[PDB]
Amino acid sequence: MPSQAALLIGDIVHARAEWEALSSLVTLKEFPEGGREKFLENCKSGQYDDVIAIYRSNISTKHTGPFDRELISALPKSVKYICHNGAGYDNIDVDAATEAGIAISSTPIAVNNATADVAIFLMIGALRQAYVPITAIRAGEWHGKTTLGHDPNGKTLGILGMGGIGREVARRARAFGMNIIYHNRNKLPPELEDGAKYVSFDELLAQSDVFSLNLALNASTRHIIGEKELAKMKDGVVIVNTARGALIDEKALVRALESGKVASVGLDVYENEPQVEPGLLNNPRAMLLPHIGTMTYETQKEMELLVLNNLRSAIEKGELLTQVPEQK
């Protein structure tokens, strides 16, 4: 009927022009900040009662809290679409949305290159324990206590969750001379394996020299790598995570670093970020970044544009471009 609106939660950094352009189709509304309590008050107040679609992002969670069952339950009945900026969306309760008649899109295949770039950066950092020489040169110590690292050449990269990101990690890692193995719940068809060898979960733990993971976070993949799994890995394994930190029992990871079971880690993500377990943060043999995977100009703008294109498709045609696989 008349009077459709779109609501922006949080900020749009790179694609403001594309957002403003949607005003030819709908009334543009914004919730740039304010907290969950105030967001819920706005919902109950009727002011969003014409909103058919919502743009939100992983970062914008700080302004509303997650789009969990409770928040979805408060959304006005008008809402038909939530277009999310991020390849991960573990802060949206997808089934609650389905029940409320809301379709969700995310941003898959825009994050792949940048995240993989950071995964390989982290892997080489971890294999060289590069925080030591990075710190030493700046301190005027030259090498300082730098120790010899290991070459990735001839070594096995194991990938738990071979998907778009994993394939781009594998492509890079092969150029470094690595052999690639992976485990998904189901073997991928040959073009999607793109050269990698399928193995069981236990075999992935046993055979990886560098172990990396790309899983969606959920109640069952939380701590999928815990004490038991670390104990199955090779002595001297290096672990890389650019996915979600809570996939690993970080306290168990710290104990495994401490015993020498794990030689090093290359992390971009953490179980309670922005907090990092102290024994992890304080370990100069670890290679650690503060979740910078997609923090580039080209990737961030591509991610925004994908969300806005989903929105425009939803409004004009009543369909999404990248609807989440749960609903599809």
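Numbers follow the displayed sequence, beginning with 1.
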Higher avg CA temperature factor (173-181 vs 237-245, as deposited) belongs to 173-181
Quick one: higher average CA temperature factor, 21-29 or 301-309? 21-29
Among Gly164, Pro190, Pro152, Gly149 - the residue whose C-alpha B-factor is largest in the record: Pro190
Per the coordinate record, which of the options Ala126, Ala114, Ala196, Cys83 holds the highest CA temperature factor? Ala196
Among the modelled residues of this chain, does the Cα B factor of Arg255 put it in the lowest, middle or highest third? middle
Third assignment of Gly35 from its chain's C-alpha B-factors: highest
On the chain's distribution of Cα B-factors, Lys145 falls within the third called highest
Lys228 by Cα B-factor - lowest, middle or highest third of the modelled chain: highest
Going by what the PDB entry lists, where does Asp93 fall on CA B-factor within its chain: lowest, middle or highest third? lowest
